[PDB]
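One structure is given below, encoded as structure tokens.
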Amino acid sequence: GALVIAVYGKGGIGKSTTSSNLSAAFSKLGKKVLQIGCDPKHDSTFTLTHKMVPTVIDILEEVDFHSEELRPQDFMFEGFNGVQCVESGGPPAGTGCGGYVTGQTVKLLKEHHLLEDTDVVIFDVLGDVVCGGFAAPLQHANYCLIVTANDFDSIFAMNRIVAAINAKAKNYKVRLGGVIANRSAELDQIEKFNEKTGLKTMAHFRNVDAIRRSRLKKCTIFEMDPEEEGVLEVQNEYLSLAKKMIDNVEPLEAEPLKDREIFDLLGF
Amino acid sequence: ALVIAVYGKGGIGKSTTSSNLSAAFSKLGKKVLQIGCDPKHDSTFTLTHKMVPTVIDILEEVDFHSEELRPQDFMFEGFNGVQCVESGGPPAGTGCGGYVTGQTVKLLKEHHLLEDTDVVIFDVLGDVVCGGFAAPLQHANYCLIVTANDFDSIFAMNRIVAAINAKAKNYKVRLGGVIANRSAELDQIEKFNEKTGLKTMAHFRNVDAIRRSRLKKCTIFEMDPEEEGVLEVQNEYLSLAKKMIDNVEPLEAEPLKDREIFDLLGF
Amino acid sequence: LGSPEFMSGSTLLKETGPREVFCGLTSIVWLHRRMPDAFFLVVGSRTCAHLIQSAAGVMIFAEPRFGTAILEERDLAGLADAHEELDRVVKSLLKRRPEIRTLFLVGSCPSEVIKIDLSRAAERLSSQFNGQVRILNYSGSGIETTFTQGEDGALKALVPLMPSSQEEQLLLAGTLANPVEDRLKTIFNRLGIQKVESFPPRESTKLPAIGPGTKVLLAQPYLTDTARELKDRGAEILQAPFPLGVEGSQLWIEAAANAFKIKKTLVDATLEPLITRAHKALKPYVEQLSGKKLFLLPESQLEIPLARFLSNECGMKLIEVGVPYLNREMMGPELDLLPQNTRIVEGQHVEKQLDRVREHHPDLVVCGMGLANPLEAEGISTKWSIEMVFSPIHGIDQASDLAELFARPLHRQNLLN
Amino acid sequence: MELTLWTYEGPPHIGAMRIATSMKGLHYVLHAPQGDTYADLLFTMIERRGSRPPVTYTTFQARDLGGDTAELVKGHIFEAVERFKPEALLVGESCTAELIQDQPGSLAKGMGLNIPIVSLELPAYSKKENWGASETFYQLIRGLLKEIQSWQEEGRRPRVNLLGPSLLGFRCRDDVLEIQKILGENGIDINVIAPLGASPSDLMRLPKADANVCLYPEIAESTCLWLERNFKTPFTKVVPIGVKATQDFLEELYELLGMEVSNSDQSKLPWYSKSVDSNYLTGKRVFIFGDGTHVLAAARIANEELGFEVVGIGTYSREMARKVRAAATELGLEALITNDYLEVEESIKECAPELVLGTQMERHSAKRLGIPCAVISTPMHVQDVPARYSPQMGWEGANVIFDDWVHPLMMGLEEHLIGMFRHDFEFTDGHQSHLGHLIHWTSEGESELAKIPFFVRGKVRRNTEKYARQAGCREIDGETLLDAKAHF
Ligand code: PMR
Ligand SMILES: Nc1ncnc2c1ncn2[C@@H]1O[C@H](COP(=O)(O)OP(=O)(O)O)[C@@H](O)[C@H]1O
Ligand SMILES: Nc1ncnc2c1ncn2[C@@H]1O[C@H](COP(=O)(O)OP(=O)(O)O)[C@@H](O)[C@H]1O
Ligand code: SF4
Ligand code: SF4
Ligand SMILES: [K+]
Ligand SMILES: [Mg+2]
Ligand SMILES: [Mg+2]
């Protein structure tokens, strides 16, 4: 209180999809929630707003980057069921420095007390944490959730992130909250990795086409037709995950594996 | 030397596609060099069945005196003669992966490794958040973009197209086409293609044998032929390689604005 | 140059393009002497290292007062833990200088781009000692700070370490020369204000207390963040022009006297002899400076108050008043004193700005040392801008000295020809 | 990370800037953050130049990182070429720009400019200033001349190129003058002086010389090697700093040109050093440091021309390491190869010399240790870019060197008097009036130590403690100090 959650994981694994629907889940459970997109693509919260809202650097440009003139709610936008949405924005692809932009955005949001006066803050970070700037949300989060699939490259990415969390835990309060299985029918590879590392699965989503469709319709899973295939299970799962983060979540003691170890571990 | 750069949404299957494509080229009698541009250094392990040492680790061994290095020090032979290089990079949330990748590409160019071979494949990460991950573009003839039939991958592709167009003003790199991957259908993609000028060069469906191949640390060509989908996928990789040698043409494409692609995609 | 805006009869323009200014790292050059018990360790590259010693290394140092932890390839490749490295470096530094009481880890472009969390490092290091050495952090990076903005960063970092008190106190914020500090304190004591303290202090370990009942006068125009942070701790930030020349200093002093409800007859009986003598002292410089066309390039945010003083009290004509940054609320009182139709340019395109200088051919161009000598070779007289940050220019009694700084190069022009 | 109180060299782009500014008709687009324009002051204040360096900085800010920094550098390349219209263009990065990797150099070559473009690849985190200048100078000439005995037959005077001199080099202004003068008196013309004073058009004339004179190897050795491989042009390797060195240099160049037959007394140093007031200079202990060239030069002068005893020697030029080690070996020393100021300071402190011949940074440690100092090499500041004629090379350079290296030392009569009488009220211990300014030791042992006349007291204390350890001696007394003296 405030519960600050950072969502990391393999690229395209469904971090933005999960974060948006999770925010919607918290709001349905009564909590007031802010979601922050930490990605130059600014595609984190559009299913909450049905729109692509201007980014943090957009608002700054309008004010010619003058701190003293800056207005707090100017980069915040109301979305589904009262969820507040912020996109950090970033440079176009292949130039500038998205790392600085994201990291500096996080600090700007902290200094303006935006991580306070709300129940749940969710940082939705990009896939490739290529520098310190994109690890900035980890400096404020209470828990990190890692999204993964039941395959090699996803789990291998999760492992690298686990090492990052442990490094950050040496100097910040952030702890691992658990694993979110996504786009997978089974968990055999995931639970194998969990067994050796000490991680736990907090939520399991199958490969559901209604989820893919929901992003295309710019809405949460809660705004999809309930009679459409799989919609009910998915909705329930997001609510269950939100309830778990309110009622059950616990700091997980976990040690990452070496590259050669996770190599020999995964497979058949 | 035909130089190809592979970009696209994170986790879309860039490394999976690249390595199997490199294998396909080699089955066509072509000499191939694949370069992983990702701190994860997980591009080529299906070609070598193992984690090859990274350029940054090799540099670190010689205290970053690059003149003491030779191609044999950081380039390793894999499946059917394919040569493999991993740039390597910092642990997640440390250093500057862009800088590192930028340095790797330069080392390779120094040793003329982009000249002394038939085909070169740069396998780049998903989040092109700085210039370092656009570094392969100065040397590439074509850029292939991997996407799925959904909003987020196509949107990511649109951003990459804008970046390629920019570089193409001063570099020879051109859009070679779209690789549809992990999708049963193509309705949203062709909706994007018609309005941008891109075309689909290859289509790979969601095939579990492919997921399994990454876990088995091998190419799709080393999978059991009687396993479902293996032969189909092999033939689609062979076809794509055949296209890049005989059929590939520079595409005139213009990206959509954020509002446009936002409204274009959907139902 | 974009579409103009209009405030207090004056024109506010903005220009984008190539800049010629110092990064905030350069604050070390004056700060290390204001507080000799402090050390300034930059975390950056050899460029940052080269900057500081090219500035201050003309002097010979028996004891080092600053330095740079230069990022190596392993740091960029993430092959060495940044926090372990910082700790080791700070360790071996305190070996060479074991008498350091306060250590500033100064952020640079490299450290800020890749976002090394120096602030947490500073916190952790402070913990590991806490009885001996205070370790703090501020950014002096070029991408974030211009020149004197570095001091704003440094002072803001000291604010949380200021003791908490609800006592009567007049706080003077911003670097003052020692005799100027003493002079202003003496005058303030004549008005009945017994508690007057300076921020920054002369010793880093002896910070003034703060809280409600603390009135803060800003002596320097570049303390945007520091003022904001001082206000967050309960202090009242008095609004006033800046103590440059008779006019500015008078109103600045009056602001504090008004807040402490000092009787006007007392503040007049105290300031009158000072003002009369100042007008007398200013006369020969006014004779030299009146009617001269002035052009100031962006450097320090001192340009607006300087222009105000040189025009109002010395009779110079202002061609263009360039500032690297303009806090409009903070420059408010100052903008009201400026002559009507003053042309103020925020930001810079140095090549286009140079063209404007050349086309006007001003009598005196206030500029940086990257342009000073080249302009002299073109037959354009200059006044190197950095000097005002290293001169005792504040207060009624220093008005003539401030004017002399601008009269001097013109005087020399005459002597030599 | 590397703790650096003082850096002996700047980042490599400074070396690149030194090439562009020393030359004419060569512009330099530098991708760099706002603030890196401080480099201009190196040329406008230290070199005191009345013109802006031919450098266009992109000066990006933090707000630009959220935008197209690549387009930013492209615009500045357009502007720079249009406005300044140079013969050739250098394009490069600073340390910070190197992080964001905008590839500004290759970008420049794709912008349809019709002038030669040198794309600089300078690793700011691995290489330094001199490497930067040498690399830039090398690439520019390699780029200009890539596509592409006699003087006796033509009936003309031999002509040589002077390669190496540059702004922010050490006394390059006058070294060039001195050497050019000396060559002309020896019947040898000058072809092209580069980079200092040369245009890209001048560089095209480089193969027209009969021989290359490499005055500053740190800057021009790579180039002379390239010119030799591609155009058969031989180059001198003896740098003419010092009387003997200038003589060897003359003999060397004569061979490469094929001439026959430089006298010693053309400099005044030999007589001054031979004269009786230099008698007491014999064996004065000196520490030497700086770049490779000037250290090697100073070493021979101190040892063979002045009669000093070199007690410490080192360089920050790692490319010059093997030569400094060879020279140190002849001197019976181990060479200090480092860029760590604290290591240099420590080495000086340990050998406790009577004189330090180093860089601007050695003044720092000499001040703290109270040792007479003189600057013989970069890094330098404004005092070492004087108005007067001040070469280090050739006959007159040796004259300047004699005056400057002897000046910090206490003078003869005063030094004798302080060794005789220690109880004065004005002429006290460690006082130099010509500068115009007013394991356990026993009480018996330190008394004999205070007898030692200052600047040599440091070595005496070391040698006595070394002596006491070297034997079964415990504590120290007045006799063991006298024993140590007779032992060494
Ligand atoms: C009155 C004539 C005269 C001149 C022109 C000199 C120059 C000079 N006297 Mg001196 N000296 C003169 C006289 C004397 N000297 C005297 C002593 C003396 C000493 C011990 C020394 C000295 C020195 C000098 C020197 C060398 C410069 C110096 O180091 O002082 C000059 C030019 C200096 C030296 O190196 O001599 C070889 C040195 O150690 N002088 C004495 C002893 C009573 C007398 C009368
Ligand atoms: N549980 C799921 N079932 C089916 N498709 C999914 C699921 N989760 C995510 N996706 C698909 O993955 C795509 C990318 O998701 P996104 O939130 O952009 O991932 P990230 O934020 O990690 O890049 C979405 O367009 C969606 O179609
Ligand atoms: N055609 C496909 N069918 C099924 N799964 C696929 C397909 N392509 C990729 N995948 C899965 O996606 C995961 C991500 O692959 P990877 O090559 O790491 O993507 P990227 O390089 O874009 O991050 C792989 O582990 C693989 O299991
Ligand atoms: S890797 Fe990160 S810190 Fe480095 S240039 Fe790219 S976005 Fe910036
Ligand atoms: S902080 Fe930035 S502008 Fe300042 S010296 Fe370092 S790199 Fe240059
Ligand atoms: K070093
Ligand atoms: Mg996302
Ligand atoms: Mg990949």
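To match Swiss-Prot, the residue numbers of chain D are left as they are there, and the shown ones run 1-148, 158-270, 275-451, 479-528.
Structure determined by X-ray crystallography, 2.1 Å.
The backbone N, Cα and C atoms fix where each Cβ goes, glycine too.
The feature [4Fe-4S] cluster binding site is assigned by Swiss-Prot to D:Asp36. According to its DSSP assignment, D:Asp36 ([4Fe-4S] cluster binding site) is helical. If you draw a 10 Å sphere around the CB of D:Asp36 ([4Fe-4S] cluster binding site), it holds 30 other CB atoms from the protein chains shown.
The Cβ of D:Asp290 (active site, proton donor) lies under 8 Å from the Cβ of D:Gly425, each on the same chain and at least six residues away in sequence. The active site, proton donor annotation in Swiss-Prot covers D:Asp290 and is backed by sequence analysis.
Per Swiss-Prot, substrate binding site is recorded for D:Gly425, D:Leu426. Its own atom aside, the Cβ of D:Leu426 (substrate binding site) has 9 Cβ atoms within 10 angstroms in the protein chains shown. In three-state terms derived from DSSP, D:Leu426 (substrate binding site) belongs to a helical segment.
In sequence order, D:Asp36 are the recorded positions among D:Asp36, D:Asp290, D:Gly425, D:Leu426 whose C-beta falls under 8 Å from a C-beta of chain C.
Just so you know, the Cβ of D:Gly425 (substrate binding site) picks up 14 other Cβ atoms within 10 Å once every protein chain is counted. Cα separation, D:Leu426 (substrate binding site) to D:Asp36 ([4Fe-4S] cluster binding site), rounded: 51 Å.
Proximity to chain B, defined as a C-beta distance under 8 Å, is registered for none of the recorded positions D:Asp36, D:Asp290, D:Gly425, D:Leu426.
With a cut-off of under 6 Å between the Cβ and any atom of ligand 5, the recorded positions D:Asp36, D:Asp290, D:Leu426 reduce to D:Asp36.
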